[PDB]
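Chains as they are written, first to last, in my numbering: chain A, 1 to 270; chain B, 271 to 513; chain C, 514 to 561; chain D, 562 to 586. Here a beta-carbon is modelled for each residue, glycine too, at the ideal position from N, C-alpha and C. Structure record follows, encoded as structure tokens.
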Ligand SMILES: *[C@@H]1O[C@H](CO)[C@@H](O[C@@H]2O[C@H](CO)[C@@H](O[C@@H]3O[C@H](CO[C@H]4O[C@H](CO)[C@@H](O)[C@H](O)[C@@H]4O)[C@@H](O)[C@H](O[C@H]4O[C@H](CO)[C@@H](O)[C@H](O)[C@@H]4O)[C@@H]3O)[C@H](O)[C@H]2NC(C)=O)[C@H](O)[C@H]1NC(C)=O
Ligand SMILES: *[C@@H]1O[C@H](CO)[C@@H](O[C@@H]2O[C@H](CO)[C@@H](O[C@@H]3O[C@H](CO[C@H]4O[C@H](CO)[C@@H](O)[C@H](O)[C@@H]4O)[C@@H](O)[C@H](O[C@H]4O[C@H](CO)[C@@H](O)[C@H](O)[C@@H]4O)[C@@H]3O)[C@H](O)[C@H]2NC(C)=O)[C@H](O)[C@H]1NC(C)=O
Ligand SMILES: *[C@@H]1O[C@H](CO)[C@@H](O[C@@H]2O[C@H](CO)[C@@H](O)[C@H](O)[C@H]2NC(C)=O)[C@H](O)[C@H]1NC(C)=O
Ligand SMILES: *[C@@H]1O[C@H](CO)[C@@H](O[C@@H]2O[C@H](CO)[C@@H](O)[C@H](O)[C@H]2NC(C)=O)[C@H](O)[C@H]1NC(C)=O
Ligand SMILES: *[C@@H]1O[C@H](CO)[C@@H](O)[C@H](O)[C@H]1NC(C)=O
Ligand SMILES: *[C@@H]1O[C@H](CO)[C@@H](O)[C@H](O)[C@H]1NC(C)=O
Ligand SMILES: *[C@@H]1O[C@H](CO)[C@@H](O)[C@H](O)[C@H]1NC(C)=O
Ligand SMILES: *[C@@H]1O[C@H](CO)[C@@H](O)[C@H](O)[C@H]1NC(C)=O
């Protein structure tokens, strides 16, 4: 049975995310003591970053940049700093080096994005207010911030090499927890269609099937139902908080009943 | 003092509804039949700073509401962050920041809890009296489960089964390695510890957890966990391997 | 025996087989075709 | 066979047929 319509439902959100608090900021922390910001409970549009002018590095790990405006996440972590032109490569999984091992270890199983911008016209003086840590007795763990002398000052000066100029880089870490989605992005939600094979989008759950009125007794903190084979069986309405029952579309095999061709050309179908 | 934990400390591990099924899961649980620490914070007073480890199972029986909150943190001073929760008579003051705490912290009933507070980042406002809690700090989330049951026992823990339900989730990221309870002065409670274990949970037809099996308590429990059942027939069964 | 065989066949549908997830819709909605092909290939081999 | 029952089974067959017990998408 082929589906006929599509159902889209989104939560109660009208706030916009404060991306400009970091992307448009004028103060950046040292590479050895990073600044971490929590963004949630807002609509996020990544097309501006996709279409941003003068962007140098824009590489998405585990997600594609163009499909990032249609997803939902539990929360997004934005982290900011300033780095040299030559040290950009170290901020990546599976990378070693002074910064990657002694300043900030990016985990191998990381999901998210990394964006780098040249900030010579804003940070260069030599701007020694930015310090990069040089010595440890062991390499840093992922997401760790540990704060000869271990710290050395940066030579961010005008006319320096582009590989030595200050670079403003932002590490966006995307998290997918069991919690209901908080950062959703812009999409239009519709009403509910019952007793039809339709396409489902109750973020972050998607699927196809038949929707009826469910009589399951969910608990107030409870969002989903599942069957014996660990298969989805019920959903909550993002806007009305109502339980919906799911039944698959019917299917089966087609067989043809025929006498010999020598006797007739008519058949029956089961 | 020490007593028997029996079968206390089971909480719902996920937001998924299930009914009439035996589901196997792994999480931080309080092991069955463990010897729980029993404390008299003030009898003479000894209310020390207890390690947090991987989580704390907190339960107490009181009527006068002498217990009003807890202190969470590593240094418990103004040097670094610390979490403070106070159970008001009208709300809950959930707020975390640097807190140069006092040597004998307690609500003045004035603020004898702490001397100075500054650099704050978050704030939240929201006899058969047995109160049970589970506190965890995973992935920077502070998770609190709870359940209120009419148990007439003060000097021990009862027997039976009751599943704790989620109460509050807090996206903080605070570093916690120790904890301390708040008392109100013009007090007996218990402290357990959670461990990584696998359980077999029985779900009633209404989604209520009604029974459990600790898969590593004894050989019979291993057999029950292997056969995915709460009853075992006659015979011999192979359960695991040794080395 | 028949019921156990069918149950095992059904449960083998939630395994990962070294991919990032055990759902085709998820990986189709997250990744680009060039690497989605590799991970879908892994899943296909497991199911076969 | 029992002539007084809708299912033309004997008593022993009826006893036998009550002892054996008992994903599309
Ligand atoms: C702080 O955050 C804000 C948004 O929150 C950013 O604002 C955007 O800035 C970019 C530039 O980096 C803008 O892109 C440019 O927009 C120009 C618009 O100019 C017209 O409109 C203004 C009205 O605002 C008139 O006053 C003006 O006379 C123009 O009529 C375009 O002209 C630009 O096009 C030129 O540059 C591009 C570069 O890619 C070339 O390809 C083109 O051919 C052309 O030469 C450019 O499109 C963007 O529009 C701004 N958005 C908004 C909503 O204002 C700030 O940049 C950001 N600041 C920092 C420091 O991060
Ligand atoms: C899982 O979920 C099922 C439901 O699917 C529960 O089964 C029902 O549980 C409720 C308890 O909340 C039962 O309700 C109570 O039933 C008592 C006995 O019922 C018989 O007697 C009455 C007498 O009028 C008949 O009408 C009825 O048909 C039965 O023959 C009643 O005496 C109770 O009434 C008292 O309490 C209510 C509370 O609202 C008052 O309004 C009344 O005035 C009165 O004081 C009460 O109605 C219900 O009977 C159960 N269903 C069945 C079919 O038995 C499970 O309990 C639940 N299990 C778990 C573990 O959660
Ligand atoms: C979240 O926002 C949506 C709007 O898209 C709410 O839907 C409407 O909300 C207004 C009040 O803001 C009501 O007056 C309308 O009657 C609602 N319309 C419908 C069709 O429901 C939605 O109710 C909000 N959700 C919550 C939980 O408040
Ligand atoms: C305990 O509750 C009392 C209310 O009974 C609080 O007093 C109010 O606190 C709010 C702060 O949210 C103020 O806006 C009000 O002006 C206060 N009212 C009065 C009459 O004082 C009190 O602050 C709470 N204290 C704690 C520690 O929880
Ligand atoms: C029809 O009959 C011919 C001989 O008359 C035979 O060779 C052929 O196989 C037959 N076809 C079928 C479909 O029976
Ligand atoms: C419980 O075990 C501890 C050691 O783990 C022991 O010190 C204590 O005396 C025991 N309590 C009882 C009541 O057996
Ligand atoms: C938390 O604080 C303790 C000190 O009590 C320290 O040893 C530990 O490294 C800290 N962890 C984090 C993640 O900050
Ligand atoms: C508050 O924190 C800032 C830096 O975050 C520091 O400079 C200042 O001394 C602190 N003051 C107090 C009273 O903690």
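Are residue i and residue j close, meaning C-beta to C-beta below 9 Å?
i: residue 357 of chain B; j: residue 464 of chain B; result: no
i: residue 216 of chain A; j: residue 289 of chain B; result: yes
i: residue 549 of chain C; j: residue 541 of chain C; result: yes
i: residue 366 of chain B; j: residue 381 of chain B; result: no
i: residue 9 of chain A; j: residue 224 of chain A; result: no
i: residue 375 of chain B; j: residue 398 of chain B; result: no
i: residue 395 of chain B; j: residue 362 of chain B; result: yes
i: residue 488 of chain B; j: residue 274 of chain B; result: no
i: residue 338 of chain B; j: residue 377 of chain B; result: yes
i: residue 298 of chain B; j: residue 448 of chain B; result: no
i: residue 412 of chain B; j: residue 386 of chain B; result: no
i: residue 585 of chain D; j: residue 248 of chain A; result: yes
i: residue 106 of chain A; j: residue 171 of chain A; result: yes
i: residue 143 of chain A; j: residue 78 of chain A; result: no
i: residue 470 of chain B; j: residue 292 of chain B; result: yes
i: residue 154 of chain A; j: residue 120 of chain A; result: no
i: residue 113 of chain A; j: residue 204 of chain A; result: no
Use the C-beta contact count for residue i: other C-beta atoms within 10 angstroms, 16 or more gives buried, fewer gives exposed.
i: residue 51 of chain A; result: exposed
i: residue 110 of chain A; result: buried
i: residue 80 of chain A; result: buried
i: residue 233 of chain A; result: buried
i: residue 271 of chain A; result: No information on residue 271 of chain A is available, as it lies outside the stretch 1 to 270 that chain A covers here.
i: residue 252 of chain A; result: exposed
i: residue 17 of chain A; result: buried
i: residue 229 of chain A; result: exposed
i: residue 32 of chain A; result: buried
i: residue 575 of chain D; result: exposed
i: residue 267 of chain A; result: exposed
i: residue 269 of chain A; result: exposed
Reducing DSSP to helix, strand and coil, say where residue i ends up.
i: residue 360 of chain B; result: coil
i: residue 294 of chain B; result: strand
i: residue 397 of chain B; result: coil
i: residue 573 of chain D; result: helix
i: residue 480 of chain B; result: strand
i: residue 266 of chain A; result: coil
i: residue 329 of chain B; result: strand
i: residue 23 of chain A; result: helix
i: residue 446 of chain B; result: coil
i: residue 238 of chain A; result: coil
i: residue 524 of chain C; result: helix
i: residue 65 of chain A; result: helix
i: residue 91 of chain A; result: coil
i: residue 213 of chain A; result: strand
i: residue 1 of chain A; result: coil
i: residue 47 of chain A; result: helix
i: residue 185 of chain A; result: coil
What distance in whole Å lies between the Cβ atoms of residue j and residue i, which are believed to be in contact at a cut-off of 8 Å?
i: residue 393 of chain B; j: residue 416 of chain B; result: Incorrect: roughly 21 Å between the Cβ atoms, too far for contact.
i: residue 404 of chain B; j: residue 279 of chain B; result: 7 Å
i: residue 330 of chain B; j: residue 401 of chain B; result: 6 Å
i: residue 459 of chain B; j: residue 328 of chain B; result: 7 Å
i: residue 340 of chain B; j: residue 451 of chain B; result: 5 Å
i: residue 169 of chain A; j: residue 116 of chain A; result: 4 Å
i: residue 353 of chain B; j: residue 444 of chain B; result: 6 Å
i: residue 543 of chain C; j: residue 62 of chain A; result: 7 Å
i: residue 517 of chain B; j: residue 388 of chain B; result: No answer is possible for residue 517 of chain B: the residues shown for chain B start at 271 and end at 513.
i: residue 11 of chain A; j: residue 238 of chain A; result: 5 Å
i: residue 455 of chain B; j: residue 317 of chain B; result: Going by Cβ atoms, the distance from residue 455 of chain B to residue 317 of chain B rounds to 11 Å, so no, they are not a contact pair.
Give me the chain G residues within the contact set of residue i, using Cβ-Cβ distance strictly less than 7 Å, ordered along the chain.
i: residue 220 of chain A; result: Given the protein chain composition of this structure (A, B, C and D), no chain G is represented.
Is the region 459-473 of chain B close to the region 303-310 of chain B, with three or more CB pairs under 8 Å?
-> yes
Does the count of Cβ pairs from the region 38-46 of chain A and the region 170-185 of chain A closer than 8 Å reach three?
-> yes
Specify whether the region 76-91 of chain A and the region 192-201 of chain A touch according to this definition: at least 3 beta carbon pairs, one from each stretch, less than 8 Å apart.
-> no
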